[PDB]
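K.L.:
Provided herewith is a single structure, encoded as structure tokens, for subsequent inquiry.
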Amino acid sequence: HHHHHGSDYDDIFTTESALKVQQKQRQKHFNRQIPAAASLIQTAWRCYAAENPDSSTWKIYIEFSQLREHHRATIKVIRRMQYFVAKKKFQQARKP
Amino acid sequence: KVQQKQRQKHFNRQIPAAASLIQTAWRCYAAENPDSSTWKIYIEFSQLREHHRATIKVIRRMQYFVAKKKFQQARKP
Amino acid sequence: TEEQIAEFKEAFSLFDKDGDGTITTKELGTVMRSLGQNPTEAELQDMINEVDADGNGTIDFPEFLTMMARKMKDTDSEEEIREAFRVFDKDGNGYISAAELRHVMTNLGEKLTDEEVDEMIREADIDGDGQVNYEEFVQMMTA
Amino acid sequence: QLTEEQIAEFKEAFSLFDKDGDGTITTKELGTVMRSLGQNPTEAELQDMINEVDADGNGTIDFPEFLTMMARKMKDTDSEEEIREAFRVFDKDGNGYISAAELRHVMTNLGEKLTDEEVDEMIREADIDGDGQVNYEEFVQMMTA
Ligand SMILES: [Ca+2]
Ligand SMILES: [Ca+2]
Ligand SMILES: [Ca+2]
Ligand SMILES: [Ca+2]
């Protein structure tokens with residue numbers, strides 16, 4: 001439990017494969033960046049596109065596009081029936 | 001020409017009929033156009049849409065902020 | 001055509017939850033009630049009687065196809081629409097008042113929402129000062 | 001930045017995730033909405049999502065925490081430069097341009113995997129081509145306005 005300056009130059013440490021193998025550390029590090037950068041671009045754009053109500057990033061939701069396509073289909077059919085009824089009833093109304 | 005009451009009541013039934021023909025014809029025309037909304041007359045489904053898009057917009061930005069933070073860590077040595 | 005036959009087959013199934021290949025009034029009434037509408041047995045009878053051609057009271061798939069394939073954009077029926085417009089036109093020529101249109105569209109027949117007749121009126125883009133020429137409209141509906 | 005029914009808007013949005021009425025959004029609450037329609041988030045991902053919103057660290061979100069997140073913004077800030085350097089990762093040449101076909105790859109085959117039709121939208125919003133060019137600096141300030 002003491003300490004004083006020893007002043008000895010020669011070294012028998014045999015010390016310096018951590019040089020080009022610490023490379024690996026900074027390749028793993030860049031390898032992490034690729035998924036992260038791709039995700040940032042994707043999530044940013046999907047926030048942009050989402051503000052556009054018709055621009056189809058909404059088609060990625062299958063059930064609801066389904067549901068809309070079924071919704072519109074029912075309406076068109078009904079509306080055409082109502083038309084043909086309104087059509088016949090009008091020429092009834094006109095014939096003396 | 002007393003039989004005008006019959007001829008007028010005859011016309012009286014033509015007015016609702018004409019109005020309906022115009023309305024049913026246009027609603028077929030408006031229907032082929034998917035955004036142009038005669039579809040806003042369907043309340044619960046329009047609400048269902050707004051509820052749908054609301055949920056997405058919220059979700060999509062939680063994912064943004066997560067993607068945001070995860071990128072900042074990926075950049076930091 | 002390929003596209004649309006498949007489309008019609010799917011639309012038919014939307015009204016026929018039964019899978020039996022028939023569409024009854026209660027089937028049709030259910031679809032319209034699900035869409036927030038309140039039709040009556042008469043109106044449903046009328047709708048079906050205009051489609052059902054064999055008089056059995058219900059609609060099959062061939063009968064359904066015939067109505068979907070039915071003409072609408074035709075030489076004969078845009079003249080049927082034009083004279084419906086002529087009913088409301090008193091003067092004699094070809095304009096109906098812009099204010100008058102909103103009145104009859106919103107307050108008569110099937111009625112109509114103000115946003116819907118806004119779409120009509122901006123689909124218009126005609127005004128002497130406030131006047132819509134109706135034959136242009138019928139030819140818009142008929143292209 | 002704040003109006004009348006911007007607030008009523010968010011109050012309803014909060015209630016869409018909270019079927020509880022308790023004023024709380026849990027992972028099961030969030031997981032259900034995503035699983036409702038229509039994707040498959042693991043039991044992970046959800047905590048991350050919530051931990052980025054939850055600021056008092058009790059594992060769930062209340063309405064003020066929900067407000068803070070949408071008070072938060074993308075275009076009004078710098079983070080345009082955060083997106084930019086995410087683009088620089090893929091640009092090898094050093095020029096401000098990334099290949100049109102390369103963008104197709106990274107948007108569809110990496111990360112959250114966008115659809116083909118989605119990147120078409122990106123590419124038509126692009127309107128940039130020498131070979132095909134896509135200066136990602138204009139894409140950045142397109143998203144941020
Ligand atoms: Ca049946
Ligand atoms: Ca039949
Ligand atoms: Ca709750
Ligand atoms: Ca909390």
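Identifiers for the structure tokens are assigned positionally: chains receive A, B, ... in sequence, residues are indexed from 1 per chain, and ligands are indexed from 1 in the order shown.
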Residues within 7 Å of ligand 4 should be enumerated using only C-alpha atoms and all ligand atoms and returned as a ChimeraX atom specification.
P.N.:
/D:54-62,65
K.L.:
Can you spit out the residues from that selection as an mmCIF file, in the first residue's frame, using N, CA, C and O atoms?
P.N.:
```cif
data_model
loop_
_atom_site.group_PDB
_atom_site.id
_atom_site.type_symbol
_atom_site.label_atom_id
_atom_site.label_comp_id
_atom_site.auth_asym_id
_atom_site.auth_seq_id
_atom_site.Cartn_x
_atom_site.Cartn_y
_atom_site.Cartn_z
ATOM 1 N N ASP D 54 -46.148 7.236 -23.126
ATOM 2 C CA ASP D 54 -46.295 7.317 -21.680
ATOM 3 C C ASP D 54 -45.096 8.039 -21.082
ATOM 4 O O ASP D 54 -43.954 7.614 -21.256
ATOM 5 N N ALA D 55 -45.356 9.133 -20.376
ATOM 6 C CA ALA D 55 -44.280 9.983 -19.890
ATOM 7 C C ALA D 55 -44.073 9.883 -18.385
ATOM 8 O O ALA D 55 -43.057 10.346 -17.868
ATOM 9 N N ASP D 56 -45.027 9.289 -17.675
ATOM 10 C CA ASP D 56 -44.890 9.159 -16.225
ATOM 11 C C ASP D 56 -44.507 7.735 -15.823
ATOM 12 O O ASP D 56 -44.326 7.437 -14.641
ATOM 13 N N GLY D 57 -44.386 6.858 -16.816
ATOM 14 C CA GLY D 57 -43.818 5.538 -16.609
ATOM 15 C C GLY D 57 -44.676 4.571 -15.817
ATOM 16 O O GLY D 57 -44.149 3.698 -15.127
ATOM 17 N N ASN D 58 -45.993 4.715 -15.915
ATOM 18 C CA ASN D 58 -46.891 3.798 -15.229
ATOM 19 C C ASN D 58 -47.417 2.734 -16.188
ATOM 20 O O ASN D 58 -48.355 2.002 -15.873
ATOM 21 N N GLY D 59 -46.807 2.659 -17.366
ATOM 22 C CA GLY D 59 -47.096 1.591 -18.304
ATOM 23 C C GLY D 59 -48.296 1.819 -19.196
ATOM 24 O O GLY D 59 -48.524 1.057 -20.136
ATOM 25 N N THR D 60 -49.074 2.858 -18.909
ATOM 26 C CA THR D 60 -50.237 3.175 -19.734
ATOM 27 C C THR D 60 -50.325 4.657 -20.070
ATOM 28 O O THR D 60 -49.619 5.481 -19.484
ATOM 29 N N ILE D 61 -51.220 4.973 -21.004
ATOM 30 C CA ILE D 61 -51.432 6.333 -21.483
ATOM 31 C C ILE D 61 -52.750 6.936 -20.997
ATOM 32 O O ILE D 61 -53.803 6.311 -21.138
ATOM 33 N N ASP D 62 -52.693 8.145 -20.437
ATOM 34 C CA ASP D 62 -53.906 8.915 -20.173
ATOM 35 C C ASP D 62 -54.036 10.047 -21.201
ATOM 36 O O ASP D 62 -53.117 10.284 -21.981
ATOM 37 N N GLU D 65 -51.218 12.742 -21.717
ATOM 38 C CA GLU D 65 -50.093 12.105 -22.400
ATOM 39 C C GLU D 65 -50.398 11.915 -23.891
ATOM 40 O O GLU D 65 -49.516 12.039 -24.739
#
```
K.L.:
Enumerate residues in contact with ligand 2: an atom-to-atom distance of at most 8 Å, counting only C-alpha atoms and all ligand atoms. Format the result as a PDB file with N, CA, C and O atoms, in the first residue's frame.
P.N.:
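Everything below was put into selection.pdb:
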```
ATOM      1  N   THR C  22     -82.153 -16.728 -54.050  1.00  0.00           N
ATOM      2  CA  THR C  22     -83.335 -15.882 -54.137  1.00  0.00           C
ATOM      3  C   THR C  22     -83.212 -14.637 -53.267  1.00  0.00           C
ATOM      4  O   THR C  22     -82.497 -14.642 -52.263  1.00  0.00           O
ATOM      5  N   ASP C  52     -88.431  -8.451 -60.633  1.00  0.00           N
ATOM      6  CA  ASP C  52     -88.891  -9.825 -60.822  1.00  0.00           C
ATOM      7  C   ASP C  52     -89.817  -9.916 -62.028  1.00  0.00           C
ATOM      8  O   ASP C  52     -90.862  -9.272 -62.083  1.00  0.00           O
ATOM      9  N   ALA C  53     -89.423 -10.726 -62.998  1.00  0.00           N
ATOM     10  CA  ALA C  53     -90.108 -10.752 -64.279  1.00  0.00           C
ATOM     11  C   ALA C  53     -91.000 -11.976 -64.453  1.00  0.00           C
ATOM     12  O   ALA C  53     -91.767 -12.055 -65.413  1.00  0.00           O
ATOM     13  N   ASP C  54     -90.906 -12.929 -63.532  1.00  0.00           N
ATOM     14  CA  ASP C  54     -91.674 -14.163 -63.660  1.00  0.00           C
ATOM     15  C   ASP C  54     -92.848 -14.209 -62.672  1.00  0.00           C
ATOM     16  O   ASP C  54     -93.645 -15.147 -62.679  1.00  0.00           O
ATOM     17  N   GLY C  55     -92.956 -13.180 -61.838  1.00  0.00           N
ATOM     18  CA  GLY C  55     -94.093 -13.021 -60.948  1.00  0.00           C
ATOM     19  C   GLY C  55     -94.156 -13.955 -59.751  1.00  0.00           C
ATOM     20  O   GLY C  55     -95.242 -14.237 -59.239  1.00  0.00           O
ATOM     21  N   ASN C  56     -93.002 -14.434 -59.295  1.00  0.00           N
ATOM     22  CA  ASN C  56     -92.962 -15.340 -58.151  1.00  0.00           C
ATOM     23  C   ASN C  56     -92.803 -14.590 -56.834  1.00  0.00           C
ATOM     24  O   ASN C  56     -92.904 -15.178 -55.759  1.00  0.00           O
ATOM     25  N   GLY C  57     -92.544 -13.290 -56.926  1.00  0.00           N
ATOM     26  CA  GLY C  57     -92.442 -12.449 -55.748  1.00  0.00           C
ATOM     27  C   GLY C  57     -91.014 -12.204 -55.310  1.00  0.00           C
ATOM     28  O   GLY C  57     -90.755 -11.343 -54.471  1.00  0.00           O
ATOM     29  N   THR C  58     -90.085 -12.970 -55.873  1.00  0.00           N
ATOM     30  CA  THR C  58     -88.671 -12.815 -55.549  1.00  0.00           C
ATOM     31  C   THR C  58     -87.786 -12.769 -56.794  1.00  0.00           C
ATOM     32  O   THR C  58     -88.222 -13.100 -57.901  1.00  0.00           O
ATOM     33  N   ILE C  59     -86.535 -12.373 -56.580  1.00  0.00           N
ATOM     34  CA  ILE C  59     -85.547 -12.174 -57.637  1.00  0.00           C
ATOM     35  C   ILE C  59     -84.471 -13.256 -57.671  1.00  0.00           C
ATOM     36  O   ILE C  59     -83.809 -13.500 -56.660  1.00  0.00           O
ATOM     37  N   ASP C  60     -84.284 -13.883 -58.832  1.00  0.00           N
ATOM     38  CA  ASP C  60     -83.150 -14.784 -59.040  1.00  0.00           C
ATOM     39  C   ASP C  60     -81.927 -14.054 -59.598  1.00  0.00           C
ATOM     40  O   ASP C  60     -81.917 -12.829 -59.710  1.00  0.00           O
ATOM     41  N   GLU C  63     -82.628 -12.740 -63.350  1.00  0.00           N
ATOM     42  CA  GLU C  63     -83.440 -11.525 -63.240  1.00  0.00           C
ATOM     43  C   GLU C  63     -82.584 -10.345 -62.745  1.00  0.00           C
ATOM     44  O   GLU C  63     -82.765  -9.211 -63.185  1.00  0.00           O
TER      45      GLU C  63
END
```
K.L.:
Would you kindly return, as a PDB file with N, CA, C and O atoms, in the first residue's frame, each protein, DNA or RNA residue with an atom no farther than 9 Å from any atom of residue 42 in chain A, considering only C-alpha atoms and excluding same-chain residues fewer than 5 positions away?
P.N.:
```
ATOM      1  N   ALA A  37     -33.075   3.151 -40.597  1.00  0.00           N
ATOM      2  CA  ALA A  37     -33.239   4.257 -41.531  1.00  0.00           C
ATOM      3  C   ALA A  37     -34.406   3.987 -42.466  1.00  0.00           C
ATOM      4  O   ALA A  37     -35.152   4.899 -42.828  1.00  0.00           O
ATOM      5  N   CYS A  47     -47.213   8.631 -42.549  1.00  0.00           N
ATOM      6  CA  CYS A  47     -47.901   9.704 -41.850  1.00  0.00           C
ATOM      7  C   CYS A  47     -48.305  10.791 -42.843  1.00  0.00           C
ATOM      8  O   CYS A  47     -49.344  11.427 -42.683  1.00  0.00           O
TER       9      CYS A  47
ATOM     10  N   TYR B  64     -44.008   6.207 -35.867  1.00  0.00           N
ATOM     11  CA  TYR B  64     -43.033   7.168 -36.365  1.00  0.00           C
ATOM     12  C   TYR B  64     -42.057   7.548 -35.279  1.00  0.00           C
ATOM     13  O   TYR B  64     -40.845   7.530 -35.482  1.00  0.00           O
TER      14      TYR B  64
ATOM     15  N   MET D 107     -37.887   0.399 -49.806  1.00  0.00           N
ATOM     16  CA  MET D 107     -39.219   0.692 -49.307  1.00  0.00           C
ATOM     17  C   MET D 107     -40.057  -0.585 -49.206  1.00  0.00           C
ATOM     18  O   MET D 107     -40.915  -0.710 -48.329  1.00  0.00           O
ATOM     19  N   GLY D 111     -37.444  -2.999 -43.296  1.00  0.00           N
ATOM     20  CA  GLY D 111     -38.209  -2.338 -42.254  1.00  0.00           C
ATOM     21  C   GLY D 111     -39.662  -2.749 -42.195  1.00  0.00           C
ATOM     22  O   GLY D 111     -39.973  -3.928 -42.015  1.00  0.00           O
ATOM     23  N   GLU D 112     -40.549  -1.771 -42.354  1.00  0.00           N
ATOM     24  CA  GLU D 112     -41.988  -1.982 -42.210  1.00  0.00           C
ATOM     25  C   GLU D 112     -42.630  -2.502 -43.496  1.00  0.00           C
ATOM     26  O   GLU D 112     -43.829  -2.788 -43.526  1.00  0.00           O
ATOM     27  N   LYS D 113     -41.822  -2.601 -44.553  1.00  0.00           N
ATOM     28  CA  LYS D 113     -42.241  -3.137 -45.852  1.00  0.00           C
ATOM     29  C   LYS D 113     -43.488  -2.470 -46.443  1.00  0.00           C
ATOM     30  O   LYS D 113     -44.602  -2.948 -46.232  1.00  0.00           O
ATOM     31  N   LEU D 114     -43.306  -1.383 -47.190  1.00  0.00           N
ATOM     32  CA  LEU D 114     -44.432  -0.744 -47.879  1.00  0.00           C
ATOM     33  C   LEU D 114     -44.870  -1.576 -49.081  1.00  0.00           C
ATOM     34  O   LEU D 114     -44.085  -2.353 -49.631  1.00  0.00           O
TER      35      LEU D 114
END
```
K.L.:
With distances taken over only C-alpha atoms, which residue among C:130, C:123, C:103, C:35 lies nearest chain B?
P.N.:
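Of the candidates, the smallest distance to chain B is held by C:35.
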K.L.:
Going by DSSP on the backbone, which bits of range 40-111 of chain C are helix (DSSP H, G or I)? Write them as a count of residues only, please.
P.N.:
40
K.L.:
Give me the residues near residue 92 in chain A as a PyMOL selection string, where near means some atom within 10 Å (using only C-alpha atoms) and where sequence neighbours in that chain fewer than 5 positions away do not count.
P.N.:
(chain A and resi 86-87) or (chain B and resi 13-14+17)
